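S.K.: File follows, data16.tsv with TSV, C-alpha atoms (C1' of nucleotides) and all ligand atoms:
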```tsv
chain	number	residue	atom	x	y	z
Q	6	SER	CA	0.00	0.00	0.00
Q	7	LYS	CA	1.42	3.35	-1.12
Q	8	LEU	CA	0.31	5.31	1.95
Q	9	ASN	CA	1.76	8.61	0.79
Q	10	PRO	CA	3.35	10.96	3.34
Q	11	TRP	CA	0.64	13.57	3.95
Q	12	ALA	CA	-2.01	11.01	4.88
Q	13	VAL	CA	0.50	9.78	7.50
Q	14	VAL	CA	1.16	13.25	8.92
Q	15	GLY	CA	-2.54	13.92	9.15
Q	16	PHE	CA	-3.31	10.56	10.65
Q	17	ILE	CA	-0.74	11.23	13.37
Q	18	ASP	CA	-2.00	14.79	13.96
Q	19	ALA	CA	-5.25	13.00	14.88
Q	20	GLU	CA	-4.17	9.82	16.73
Q	21	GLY	CA	-0.42	10.06	17.30
Q	22	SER	CA	1.38	10.55	20.65
Q	23	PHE	CA	4.91	11.86	21.34
Q	24	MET	CA	5.98	11.01	24.91
Q	25	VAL	CA	9.07	12.16	26.90
Q	26	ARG	CA	9.59	9.98	29.91
Q	27	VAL	CA	11.68	10.54	33.00
Q	28	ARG	CA	12.27	7.81	35.56
Q	29	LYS	CA	14.33	7.42	38.69
Q	30	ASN	CA	16.91	4.72	38.44
Q	31	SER	CA	19.28	5.31	41.26
Q	32	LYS	CA	21.63	3.23	39.15
Q	33	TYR	CA	22.32	6.25	36.96
Q	34	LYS	CA	24.36	9.41	37.45
Q	35	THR	CA	21.59	11.95	38.03
Q	36	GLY	CA	19.37	9.36	39.75
Q	37	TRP	CA	17.10	9.62	36.71
Q	38	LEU	CA	16.66	7.87	33.33
Q	39	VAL	CA	15.16	9.85	30.43
Q	40	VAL	CA	13.31	7.87	27.68
Q	41	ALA	CA	11.62	9.20	24.44
Q	42	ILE	CA	8.85	7.39	22.50
Q	43	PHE	CA	6.70	7.69	19.37
Q	44	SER	CA	3.46	5.77	19.76
Q	45	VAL	CA	0.26	4.96	17.87
Q	46	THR	CA	-2.36	2.69	19.47
Q	47	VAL	CA	-5.31	1.11	17.65
Q	48	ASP	CA	-7.90	-1.65	17.74
Q	49	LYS	CA	-7.33	-5.21	16.59
Q	50	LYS	CA	-9.23	-4.44	13.38
Q	51	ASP	CA	-6.64	-1.81	12.31
Q	52	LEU	CA	-3.49	-3.93	12.80
Q	53	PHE	CA	-2.83	-3.89	9.05
Q	54	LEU	CA	-2.34	-0.14	9.19
Q	55	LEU	CA	0.34	-0.31	11.88
Q	56	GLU	CA	2.23	-2.86	9.77
Q	57	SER	CA	1.79	-0.61	6.70
Q	58	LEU	CA	2.98	2.23	8.92
Q	59	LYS	CA	6.00	0.30	10.14
Q	60	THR	CA	6.75	-0.32	6.55
Q	61	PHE	CA	6.23	3.32	5.73
Q	62	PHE	CA	9.03	4.20	8.15
Q	63	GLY	CA	11.42	1.68	6.60
Q	64	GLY	CA	10.48	-1.06	9.06
Q	65	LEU	CA	11.17	0.89	12.26
Q	66	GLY	CA	9.86	0.40	15.82
Q	67	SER	CA	7.75	-2.51	17.04
Q	68	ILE	CA	4.07	-3.53	17.13
Q	69	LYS	CA	2.85	-5.19	20.35
Q	70	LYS	CA	-0.17	-5.97	22.62
Q	71	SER	CA	-1.06	-2.77	24.45
Q	72	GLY	CA	-4.58	-2.99	25.84
Q	73	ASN	CA	-7.15	-5.82	26.07
Q	74	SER	CA	-8.29	-5.11	22.52
Q	75	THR	CA	-5.56	-2.75	21.31
Q	76	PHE	CA	-2.06	-2.85	19.89
Q	77	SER	CA	0.77	-0.32	19.82
Q	78	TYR	CA	3.39	0.67	17.29
Q	79	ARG	CA	6.39	2.28	19.01
Q	80	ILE	CA	9.78	3.58	18.15
Q	81	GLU	CA	11.49	3.82	21.57
Q	82	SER	CA	15.13	4.10	20.32
Q	83	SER	CA	16.63	7.62	20.33
Q	84	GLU	CA	19.14	6.81	17.57
Q	85	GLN	CA	16.34	5.40	15.45
Q	86	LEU	CA	14.03	8.31	16.34
Q	87	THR	CA	16.63	10.97	15.43
Q	88	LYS	CA	17.56	8.98	12.33
Q	89	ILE	CA	14.17	8.43	10.64
Q	90	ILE	CA	11.24	10.06	12.53
Q	91	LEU	CA	12.50	13.62	12.98
Q	92	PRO	CA	13.78	14.25	9.42
Q	93	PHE	CA	10.27	13.27	8.29
Q	94	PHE	CA	8.22	15.51	10.57
Q	95	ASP	CA	10.62	18.37	9.85
Q	96	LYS	CA	9.99	17.99	6.13
Q	97	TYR	CA	6.26	17.20	6.39
Q	98	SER	CA	5.11	19.39	9.28
Q	99	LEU	CA	2.23	18.68	11.63
Q	100	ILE	CA	-0.31	21.53	11.73
Q	101	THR	CA	-2.35	20.65	14.84
Q	102	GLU	CA	-1.37	21.52	18.43
Q	103	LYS	CA	0.52	18.23	18.19
Q	104	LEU	CA	3.11	20.23	16.20
Q	105	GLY	CA	3.82	21.90	19.54
Q	106	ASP	CA	4.21	18.54	21.33
Q	107	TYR	CA	6.48	17.16	18.58
Q	108	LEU	CA	8.53	20.37	18.49
Q	109	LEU	CA	9.37	20.06	22.21
Q	110	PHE	CA	9.93	16.32	21.71
Q	111	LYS	CA	12.43	17.24	19.04
Q	112	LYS	CA	14.40	19.42	21.49
Q	113	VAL	CA	14.58	16.61	24.10
Q	114	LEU	CA	16.10	14.22	21.57
Q	115	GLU	CA	18.70	16.77	20.49
Q	116	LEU	CA	19.71	17.14	24.12
Q	117	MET	CA	19.81	13.36	24.43
Q	118	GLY	CA	21.65	13.46	21.10
Q	119	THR	CA	24.53	15.43	22.64
Q	120	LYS	CA	24.48	13.36	25.89
Q	121	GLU	CA	23.31	16.43	27.88
Q	122	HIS	CA	20.56	14.29	29.43
Q	123	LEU	CA	23.21	12.32	31.31
Q	124	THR	CA	24.11	15.60	33.04
Q	125	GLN	CA	22.26	17.60	35.69
Q	126	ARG	CA	21.74	20.90	33.83
Q	127	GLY	CA	20.47	18.85	30.88
Q	128	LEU	CA	17.94	17.05	33.03
Q	129	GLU	CA	16.40	20.19	34.48
Q	130	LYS	CA	16.07	21.51	30.87
Q	131	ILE	CA	14.53	18.28	29.70
Q	132	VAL	CA	12.05	18.32	32.55
Q	133	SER	CA	11.10	21.89	31.63
Q	134	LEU	CA	10.26	20.52	28.21
Q	135	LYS	CA	8.17	17.56	29.34
Q	136	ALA	CA	6.27	19.97	31.59
Q	137	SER	CA	4.86	21.57	28.43
Q	138	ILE	CA	4.14	18.24	26.73
Q	139	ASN	CA	0.81	16.35	26.74
Q	140	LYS	CA	-1.13	16.44	30.03
Q	141	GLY	CA	2.19	17.70	31.44
Q	142	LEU	CA	4.48	17.03	34.40
Q	143	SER	CA	3.02	14.40	36.70
Q	144	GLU	CA	2.83	13.91	40.48
Q	145	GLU	CA	6.06	12.25	41.55
Q	146	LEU	CA	8.03	14.17	38.97
Q	147	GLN	CA	6.82	17.71	39.89
Q	148	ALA	CA	7.49	17.17	43.59
Q	149	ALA	CA	11.08	16.20	42.69
Q	150	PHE	CA	11.57	19.32	40.60
Q	151	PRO	CA	9.79	22.37	41.97
Q	152	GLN	CA	12.15	25.27	41.43
Q	153	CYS	CA	11.58	24.84	37.69
Q	154	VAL	CA	9.73	26.56	34.90
Q	155	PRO	CA	7.84	24.94	32.02
Q	156	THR	CA	9.15	25.90	28.58
Q	157	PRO	CA	6.97	28.17	26.51
Q	158	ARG	CA	4.81	26.30	23.99
Q	159	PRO	CA	5.83	27.56	20.51
Q	160	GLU	CA	4.11	30.04	18.16
Q	161	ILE	CA	2.20	27.53	16.04
Q	162	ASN	CA	0.06	30.11	14.22
Q	165	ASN	CA	-3.07	25.82	7.14
Q	166	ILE	CA	-4.02	22.47	5.53
Q	167	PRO	CA	-0.91	21.65	3.46
Q	168	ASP	CA	-2.31	18.96	1.13
Q	169	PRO	CA	-5.67	17.28	0.64
Q	170	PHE	CA	-4.36	13.89	1.69
Q	171	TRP	CA	-3.52	15.33	5.15
Q	172	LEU	CA	-7.24	15.64	5.56
Q	173	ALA	CA	-7.86	12.08	4.40
Q	174	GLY	CA	-5.42	10.80	7.00
Q	175	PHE	CA	-6.45	13.21	9.73
Q	176	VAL	CA	-10.11	12.25	9.26
Q	177	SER	CA	-9.24	8.58	9.46
Q	178	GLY	CA	-8.09	9.15	13.05
Q	179	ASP	CA	-10.66	11.45	14.70
Q	180	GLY	CA	-13.47	11.58	12.11
Q	181	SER	CA	-16.80	9.78	11.98
Q	182	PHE	CA	-19.24	8.72	9.23
Q	183	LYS	CA	-22.51	8.48	11.16
Q	184	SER	CA	-25.82	7.00	10.01
Q	185	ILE	CA	-28.97	7.89	12.00
Q	186	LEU	CA	-32.46	6.40	12.11
Q	187	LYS	CA	-34.78	8.98	13.63
Q	188	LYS	CA	-38.25	8.19	14.93
Q	189	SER	CA	-40.41	10.57	12.92
Q	190	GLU	CA	-44.19	10.93	13.43
Q	191	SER	CA	-44.83	12.50	9.97
Q	192	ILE	CA	-43.24	9.95	7.57
Q	193	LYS	CA	-44.90	6.95	5.86
Q	194	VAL	CA	-42.29	4.43	7.17
Q	195	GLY	CA	-41.98	5.70	10.76
Q	196	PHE	CA	-38.30	6.71	10.49
Q	197	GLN	CA	-36.22	9.54	9.01
Q	198	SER	CA	-32.97	8.39	7.42
Q	199	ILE	CA	-30.06	10.76	8.14
Q	200	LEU	CA	-26.36	10.90	7.26
Q	201	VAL	CA	-23.93	12.90	9.34
Q	202	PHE	CA	-20.28	13.51	8.84
Q	203	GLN	CA	-18.49	14.53	11.99
Q	204	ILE	CA	-14.99	15.50	12.98
Q	205	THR	CA	-14.35	15.74	16.72
Q	206	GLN	CA	-11.48	17.69	18.29
Q	207	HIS	CA	-10.33	19.66	21.35
Q	208	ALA	CA	-11.04	23.39	21.47
Q	209	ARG	CA	-7.36	24.29	21.27
Q	210	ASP	CA	-7.55	23.77	17.47
Q	211	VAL	CA	-10.63	25.98	17.00
Q	212	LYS	CA	-8.86	28.09	14.29
Q	213	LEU	CA	-8.06	25.00	12.20
Q	214	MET	CA	-11.53	23.50	12.68
Q	215	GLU	CA	-13.15	26.74	11.49
Q	216	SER	CA	-10.90	26.53	8.39
Q	217	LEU	CA	-12.44	23.18	7.27
Q	218	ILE	CA	-15.73	24.92	6.47
Q	219	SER	CA	-13.83	27.16	4.05
Q	220	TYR	CA	-11.81	24.13	2.95
Q	221	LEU	CA	-14.74	21.82	2.16
Q	222	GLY	CA	-17.16	24.63	1.17
Q	223	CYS	CA	-19.64	23.35	3.77
Q	224	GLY	CA	-20.13	22.60	7.49
Q	225	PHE	CA	-21.55	24.02	10.72
Q	226	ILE	CA	-19.01	23.57	13.55
Q	227	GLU	CA	-20.39	23.66	17.09
Q	228	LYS	CA	-19.18	23.10	20.63
Q	229	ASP	CA	-19.86	20.51	23.26
Q	230	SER	CA	-21.99	21.64	26.21
Q	231	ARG	CA	-19.88	19.86	28.83
Q	232	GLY	CA	-16.30	20.60	27.80
Q	233	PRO	CA	-13.80	22.12	25.32
Q	234	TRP	CA	-14.67	19.72	22.53
Q	235	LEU	CA	-15.62	20.94	19.08
Q	236	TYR	CA	-17.62	19.08	16.42
Q	237	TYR	CA	-17.29	20.06	12.77
Q	238	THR	CA	-20.46	18.64	11.29
Q	239	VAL	CA	-22.30	18.12	8.05
Q	240	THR	CA	-25.97	17.08	8.10
Q	241	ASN	CA	-27.03	18.69	4.85
Q	242	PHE	CA	-27.63	15.72	2.55
Q	243	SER	CA	-27.16	17.67	-0.67
Q	244	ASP	CA	-23.69	18.77	0.55
Q	245	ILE	CA	-22.82	15.24	1.62
Q	246	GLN	CA	-23.78	14.21	-1.89
Q	247	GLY	CA	-21.82	16.83	-3.78
Q	248	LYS	CA	-18.93	17.81	-1.51
Q	249	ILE	CA	-18.01	15.21	1.16
Q	250	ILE	CA	-18.37	12.02	-0.84
Q	251	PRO	CA	-16.51	13.14	-4.05
Q	252	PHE	CA	-13.62	14.36	-1.90
Q	253	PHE	CA	-12.91	11.24	0.17
Q	254	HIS	CA	-13.56	9.18	-3.00
Q	255	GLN	CA	-10.45	10.79	-4.49
Q	256	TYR	CA	-8.43	11.07	-1.25
Q	257	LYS	CA	-9.23	7.67	0.23
Q	258	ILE	CA	-9.58	6.94	3.96
Q	259	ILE	CA	-6.73	4.81	5.38
Q	260	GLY	CA	-7.83	2.09	7.83
Q	261	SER	CA	-10.97	0.25	8.96
Q	262	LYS	CA	-13.03	3.42	8.72
Q	263	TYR	CA	-12.81	3.38	4.90
Q	264	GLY	CA	-15.14	0.39	5.00
Q	265	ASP	CA	-17.64	2.50	6.86
Q	266	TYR	CA	-17.28	5.31	4.29
Q	267	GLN	CA	-18.20	2.75	1.61
Q	268	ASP	CA	-21.30	1.41	3.37
Q	269	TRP	CA	-22.10	5.06	4.08
Q	270	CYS	CA	-21.96	5.83	0.37
Q	271	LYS	CA	-24.17	2.74	-0.18
Q	272	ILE	CA	-26.84	4.30	2.04
Q	273	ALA	CA	-26.41	7.67	0.28
Q	274	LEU	CA	-27.37	5.97	-2.98
Q	275	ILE	CA	-30.45	4.35	-1.41
Q	276	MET	CA	-31.20	7.91	-0.23
Q	277	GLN	CA	-30.49	9.81	-3.46
Q	278	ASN	CA	-32.86	7.43	-5.24
Q	279	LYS	CA	-35.42	8.12	-2.52
Q	280	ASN	CA	-35.42	4.40	-1.75
Q	281	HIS	CA	-35.32	5.39	1.93
Q	282	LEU	CA	-39.01	6.25	2.19
Q	283	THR	CA	-39.94	2.60	1.28
Q	284	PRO	CA	-40.03	-0.09	4.02
Q	285	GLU	CA	-37.79	-2.28	1.86
Q	286	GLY	CA	-35.25	0.56	1.50
Q	287	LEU	CA	-35.44	1.08	5.26
Q	288	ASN	CA	-34.54	-2.56	5.81
Q	289	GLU	CA	-31.70	-2.38	3.32
Q	290	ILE	CA	-30.45	0.60	5.31
Q	291	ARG	CA	-30.76	-1.06	8.75
Q	292	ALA	CA	-28.61	-4.01	7.72
Q	293	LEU	CA	-26.02	-1.50	6.49
Q	294	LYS	CA	-26.44	0.58	9.63
Q	295	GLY	CA	-26.13	-2.45	11.94
Q	296	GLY	CA	-22.97	-3.94	10.35
Q	297	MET	CA	-21.05	-0.70	9.87
Q	298	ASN	CA	-19.16	1.26	12.53
Q	299	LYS	CA	-20.18	-0.51	15.74
Q	300	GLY	CA	-20.06	-4.29	15.33
Q	301	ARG	CA	-19.56	-5.92	11.94
G	1	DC	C1'	26.20	3.05	34.06
G	2	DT	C1'	23.53	3.58	29.62
G	3	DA	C1'	20.26	2.37	26.23
G	4	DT	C1'	16.86	-0.43	24.37
G	5	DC	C1'	13.71	-4.10	24.82
G	6	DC	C1'	9.06	-6.08	27.18
G	7	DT	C1'	4.63	-6.70	29.50
G	8	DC	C1'	1.35	-4.38	31.83
G	9	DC	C1'	-2.64	-0.10	33.43
G	10	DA	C1'	-6.69	3.86	34.76
G	11	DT	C1'	-9.10	7.79	33.33
G	12	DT	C1'	-10.25	10.92	29.93
G	13	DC	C1'	-11.56	11.74	24.99
G	14	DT	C1'	-13.46	10.97	21.23
G	15	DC	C1'	-16.49	8.51	18.81
G	16	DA	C1'	-21.51	6.96	18.07
G	17	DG	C1'	-26.61	7.21	18.33
G	18	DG	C1'	-30.13	9.47	19.92
G	19	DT	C1'	-34.01	14.00	19.80
G	20	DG	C1'	-37.07	18.41	19.35
G	21	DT	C1'	-39.14	21.10	16.30
G	22	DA	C1'	-38.67	24.84	12.96
G	23	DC	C1'	-39.38	25.20	8.04
G	24	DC	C1'	-39.98	22.94	3.81
G	25	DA	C1'	-42.25	21.08	0.59
G	26	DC	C1'	-46.20	20.04	-1.55
G	27	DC	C1'	-50.13	21.43	-3.77
C	1	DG	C1'	-52.70	20.08	6.80
C	2	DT	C1'	-49.63	15.85	4.42
C	3	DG	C1'	-44.76	13.96	3.87
C	4	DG	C1'	-40.20	15.38	4.37
C	5	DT	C1'	-35.55	17.74	5.93
C	6	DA	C1'	-31.93	19.95	8.59
C	7	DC	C1'	-29.89	22.36	12.69
C	8	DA	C1'	-29.43	22.60	17.56
C	9	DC	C1'	-29.19	20.00	21.63
C	10	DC	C1'	-28.32	15.74	24.45
C	11	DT	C1'	-25.69	11.78	26.83
C	12	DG	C1'	-22.84	7.59	27.38
C	13	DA	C1'	-19.29	3.30	26.54
C	14	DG	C1'	-14.81	2.05	26.39
C	15	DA	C1'	-10.80	2.76	23.65
C	16	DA	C1'	-7.27	6.46	22.82
C	17	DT	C1'	-4.43	9.35	25.78
C	18	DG	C1'	-0.24	9.02	27.72
C	19	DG	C1'	1.24	6.59	30.81
C	20	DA	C1'	3.59	2.78	34.52
C	21	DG	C1'	7.78	-0.67	35.71
C	22	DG	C1'	10.75	-4.25	34.44
C	23	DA	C1'	14.40	-6.76	32.38
C	24	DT	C1'	17.48	-6.90	29.44
C	25	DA	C1'	21.47	-5.85	25.89
C	26	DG	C1'	25.77	-2.31	24.89
C	27	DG	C1'	29.09	-0.95	27.75
O	401	CA	CA	-7.38	11.50	18.50
```
Could you render the structure from this file as structure tokens?
M.R.:
Amino acid sequence: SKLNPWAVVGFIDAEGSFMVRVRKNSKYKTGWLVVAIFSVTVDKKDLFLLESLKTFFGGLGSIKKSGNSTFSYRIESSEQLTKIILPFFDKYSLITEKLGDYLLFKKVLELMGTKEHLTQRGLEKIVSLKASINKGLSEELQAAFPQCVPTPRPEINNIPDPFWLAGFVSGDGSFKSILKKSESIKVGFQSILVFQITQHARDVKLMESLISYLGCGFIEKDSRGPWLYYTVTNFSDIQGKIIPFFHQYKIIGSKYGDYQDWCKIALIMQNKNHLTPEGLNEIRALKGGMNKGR
DNA sequence: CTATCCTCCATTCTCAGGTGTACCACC
DNA sequence: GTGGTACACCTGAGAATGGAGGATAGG
């Protein structure tokens, strides 16, 4: 599978994690060991992607049981990381707030690169980085380093290439199918199609840009947190804007299968074969086997 | 000592799957 | 006053987030 670059970058922007890890091993010089990882974790169904991803990075890292149903691709070697992973994400930049995480990550590996992690001044610096990464410094660690100061998250700020969006959407996107109980329809149910991209409110500026990017969409915000939902319910737009896009820039992973069954429904709908009881049944079967289950 | 390998979590973050009802069609 | 559609709102399971120790292989 080709799996061009931009789809990868996007897919990571959505699902990827860069971790900098600091652990006390009194067997060291600064009573602390500093590890750096690049991890992707996915369901059993999407194992083929990880292997295609491993391949993509010239067979680097390892794939291994992570959760009860999940598996993890990881490059934990700093030589390897600095050799293959960085030169990539320098050339093909992330555009999400991840870019900030990676950027810090990059600095930690350069420090490691010069052996300045094995020193004291290097450690304090490296901790200042981690402090600005992910959820951030954590419990045990903070209490060990208080006189400290998290490093400023960088000035991040544009969708570089369509395929980014294909990949990105494969990670955090959603091709919903709804069966609504209507009281004013011959068959008792309204058939609906919804395309949905979920994300944290940090990336509000990017999310707003999609609307302009796809010429359609009505982003909104969760009621109970800083979660945004770029959404498309307008069937005519689904028909003429969403489908023809992802048809040309194909979804990578298990989701693609959904997108297909989704399209299948959208035909049953375009033909109006959704207001028949037969058409309804044809849709249910589709509904019931796609996304959840199958 | 230093770096990479390996086998395990727990809690939040996205997914996914509903509505309510305004406005549209119709004529 | 029928037969249909699209926002705007609502609410939860359970995997992704982002970790956690080890035990080693390279010194
Ligand atoms: Ca994600």
S.K.: For each of Q:278, Q:246, Q:203, Q:60, take the minimum atom-to-atom distance to chain G, counting all atoms listed in the file, then give the residue where this is smallest.
M.R.: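 Of Q:278, Q:246, Q:203, Q:60, the one nearest chain G, counting all atoms listed in the file, is Q:203.
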S.K.: What's around range 4-15 of chain C at 10 Å? Count all atoms listed in the file, leave out sequence neighbours fewer than 5 positions away in its own chain, and write the answer as a PyMOL selection string.
M.R.: (chain Q and resi 46-48+72-75+189+191-193+197-199+225+227+229-230+239-242+282) or (chain G and resi 13-26)
S.K.: Provide as a VMD selection string the residues of chain Q at most 7 Å from chain G, counting only C-alpha atoms (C1' of nucleotides).
M.R.: chain Q and resid 32 to 33 82 181 185 205
S.K.: Can I get the selected residues back with C-alpha atoms, as a compact mmCIF listing (two decimals), keeping the file's coordinate frame?
M.R.:
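The result, written out as part.txt:
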```txt
# COMPACT_ATOMS: atom_id res chain seq x y z
CA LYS Q 32 21.63 3.23 39.15
CA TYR Q 33 22.32 6.25 36.96
CA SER Q 82 15.13 4.10 20.32
CA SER Q 181 -16.80 9.78 11.98
CA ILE Q 185 -28.97 7.89 12.00
CA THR Q 205 -14.35 15.74 16.72
```
S.K.: Output the neighbourhood of ligand CA 401 (chain O) as a PyMOL selection string, that is, all protein and nucleic acid residues with some atom at most 7 Å from the ligand, counting all atoms listed in the file.
M.R.: (chain Q and resi 19-20+178-179) or (chain G and resi 14) or (chain C and resi 16)
S.K.: So which residues fall inside 9 Å of (-11.3, 23.2, 14.2) if we count only C-alpha atoms (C1' of nucleotides)? Mind giving them as a PDB file with C-alpha atoms, in the frame of the given file?
M.R.:
```pdb
ATOM      1  CA  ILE Q 204     -14.990  15.500  12.980  1.00  0.00           C
ATOM      2  CA  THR Q 205     -14.350  15.740  16.720  1.00  0.00           C
ATOM      3  CA  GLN Q 206     -11.480  17.690  18.290  1.00  0.00           C
ATOM      4  CA  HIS Q 207     -10.330  19.660  21.350  1.00  0.00           C
ATOM      5  CA  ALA Q 208     -11.040  23.390  21.470  1.00  0.00           C
ATOM      6  CA  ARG Q 209      -7.360  24.290  21.270  1.00  0.00           C
ATOM      7  CA  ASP Q 210      -7.550  23.770  17.470  1.00  0.00           C
ATOM      8  CA  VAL Q 211     -10.630  25.980  17.000  1.00  0.00           C
ATOM      9  CA  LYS Q 212      -8.860  28.090  14.290  1.00  0.00           C
ATOM     10  CA  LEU Q 213      -8.060  25.000  12.200  1.00  0.00           C
ATOM     11  CA  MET Q 214     -11.530  23.500  12.680  1.00  0.00           C
ATOM     12  CA  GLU Q 215     -13.150  26.740  11.490  1.00  0.00           C
ATOM     13  CA  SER Q 216     -10.900  26.530   8.390  1.00  0.00           C
ATOM     14  CA  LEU Q 217     -12.440  23.180   7.270  1.00  0.00           C
ATOM     15  CA  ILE Q 226     -19.010  23.570  13.550  1.00  0.00           C
ATOM     16  CA  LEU Q 235     -15.620  20.940  19.080  1.00  0.00           C
ATOM     17  CA  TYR Q 236     -17.620  19.080  16.420  1.00  0.00           C
ATOM     18  CA  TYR Q 237     -17.290  20.060  12.770  1.00  0.00           C
TER      19      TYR Q 237
END
```
S.K.: Using all atoms listed in the file, which of Q:172, Q:250, Q:38, Q:24 sits nearest residue 140 in chain Q?
M.R.: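 Distance minimum relative to residue 140 in chain Q lands on Q:24.
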S.K.: Which of these residues is nearest to chain C, using all atoms listed in the file: Q:97, Q:182, Q:171, Q:196?
M.R.: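 Once distances to chain C are computed over all atoms listed in the file, the minimum belongs to Q:196.
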S.K.: Take CA of residue 8 in chain Q and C1' of residue 19 in chain C and report the distance between them in Å, one decimal.
M.R.: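 A separation of 28.9 Å between them.
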S.K.: With distances taken over only C-alpha atoms, which residue among Q:12, Q:86, Q:148, Q:52 lies nearest residue 257 in chain Q?
M.R.: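 Looking at the shortest contact to residue 257 in chain Q, the residue is Q:12.
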S.K.: With a distance cut-off of 8 Å and only C-alpha atoms (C1' of nucleotides), select the neighbouring residues of range 259-268 of chain Q, excluding the residue or stretch itself and same-chain residues fewer than 2 positions from it, and output the selection as an MDAnalysis selection string.
M.R.: chainID Q and resid 8 12 50:51 53:54 173:174 177 182 257 270:272 293 297:298
S.K.: Show me, as AutoDock Vina command-line options, the centre and edge lengths in Å to one decimal of the axis-aligned box that covers every listed atom of range 233-251 of chain Q with 4 Å on each side.
M.R.:
```
--center_x -20.7 --center_y 17.1 --center_z 10.6 --size_x 21.8 --size_y 18.1 --size_z 37.4
```
S.K.: Find the spatial neighbours of residue 40 in chain Q, counting all atoms listed in the file, within a cut-off of 8 Å - ignore same-chain residues fewer than 2 positions away - and output them as an NGL selection string.
M.R.: :Q and (25-28 or 38 or 42 or 81)
S.K.: Quick one, how far is CA of residue 62 in chain Q from CA of residue 100 in chain Q?
M.R.: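 According to the coordinates, CA of residue 62 in chain Q and CA of residue 100 in chain Q are separated by 20.0 Å.
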S.K.: What is the distance between CA of residue 170 in chain Q and CA of residue 87 in chain Q, in Å to one decimal?
M.R.: 25.3 Å
S.K.: Between Q:96, Q:294, Q:301, Q:187, single out the one closest to chain C, counting only C-alpha atoms (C1' of nucleotides).
M.R.: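 Looking at the shortest contact to chain C, the residue is Q:187.
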S.K.: Point out the residue among Q:44, Q:125, Q:133, Q:139 with the least atom-to-atom distance to residue 21 in chain Q, counting all atoms listed in the file.
M.R.: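 Nearest to residue 21 in chain Q: Q:44.
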S.K.: Add whatever atoms are absent from range 83-96 of chain Q to reach N, CA and C atoms, and provide the output as a PDB file, keeping the file's coordinate frame.
M.R.:
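Generated output (rebuild02.pdb):
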```
ATOM      1  N   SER Q  83      16.219   6.243  20.644  1.00  0.00           N
ATOM      2  CA  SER Q  83      16.630   7.620  20.330  1.00  0.00           C
ATOM      3  C   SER Q  83      17.497   7.782  19.104  1.00  0.00           C
ATOM      4  N   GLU Q  84      18.353   6.797  18.824  1.00  0.00           N
ATOM      5  CA  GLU Q  84      19.140   6.810  17.570  1.00  0.00           C
ATOM      6  C   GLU Q  84      18.122   6.730  16.445  1.00  0.00           C
ATOM      7  N   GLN Q  85      17.343   5.648  16.475  1.00  0.00           N
ATOM      8  CA  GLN Q  85      16.340   5.400  15.450  1.00  0.00           C
ATOM      9  C   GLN Q  85      15.497   6.671  15.281  1.00  0.00           C
ATOM     10  N   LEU Q  86      14.875   7.111  16.370  1.00  0.00           N
ATOM     11  CA  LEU Q  86      14.030   8.310  16.340  1.00  0.00           C
ATOM     12  C   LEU Q  86      14.704   9.470  15.611  1.00  0.00           C
ATOM     13  N   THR Q  87      15.918   9.830  16.032  1.00  0.00           N
ATOM     14  CA  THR Q  87      16.630  10.970  15.430  1.00  0.00           C
ATOM     15  C   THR Q  87      17.030  10.665  13.992  1.00  0.00           C
ATOM     16  N   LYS Q  88      17.135   9.384  13.671  1.00  0.00           N
ATOM     17  CA  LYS Q  88      17.560   8.980  12.330  1.00  0.00           C
ATOM     18  C   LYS Q  88      16.448   9.054  11.278  1.00  0.00           C
ATOM     19  N   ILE Q  89      15.248   8.589  11.624  1.00  0.00           N
ATOM     20  CA  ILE Q  89      14.170   8.430  10.640  1.00  0.00           C
ATOM     21  C   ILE Q  89      12.956   9.336  10.919  1.00  0.00           C
ATOM     22  N   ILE Q  90      12.460   9.332  12.159  1.00  0.00           N
ATOM     23  CA  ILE Q  90      11.240  10.060  12.530  1.00  0.00           C
ATOM     24  C   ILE Q  90      11.338  11.577  12.421  1.00  0.00           C
ATOM     25  N   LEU Q  91      12.375  12.162  13.002  1.00  0.00           N
ATOM     26  CA  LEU Q  91      12.500  13.620  12.980  1.00  0.00           C
ATOM     27  C   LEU Q  91      12.616  14.182  11.579  1.00  0.00           C
ATOM     28  N   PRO Q  92      13.596  13.694  10.774  1.00  0.00           N
ATOM     29  CA  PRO Q  92      13.780  14.250   9.420  1.00  0.00           C
ATOM     30  C   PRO Q  92      12.496  14.266   8.606  1.00  0.00           C
ATOM     31  N   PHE Q  93      11.613  13.302   8.868  1.00  0.00           N
ATOM     32  CA  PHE Q  93      10.270  13.270   8.290  1.00  0.00           C
ATOM     33  C   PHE Q  93       9.391  14.420   8.759  1.00  0.00           C
ATOM     34  N   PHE Q  94       9.142  14.503  10.049  1.00  0.00           N
ATOM     35  CA  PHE Q  94       8.220  15.510  10.570  1.00  0.00           C
ATOM     36  C   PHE Q  94       8.787  16.931  10.520  1.00  0.00           C
ATOM     37  N   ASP Q  95      10.065  17.065  10.188  1.00  0.00           N
ATOM     38  CA  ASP Q  95      10.620  18.370   9.850  1.00  0.00           C
ATOM     39  C   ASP Q  95      10.177  18.701   8.450  1.00  0.00           C
ATOM     40  N   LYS Q  96      10.378  17.782   7.523  1.00  0.00           N
ATOM     41  CA  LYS Q  96       9.990  17.990   6.130  1.00  0.00           C
ATOM     42  C   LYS Q  96       8.479  18.088   5.937  1.00  0.00           C
TER      43      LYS Q  96
END
```
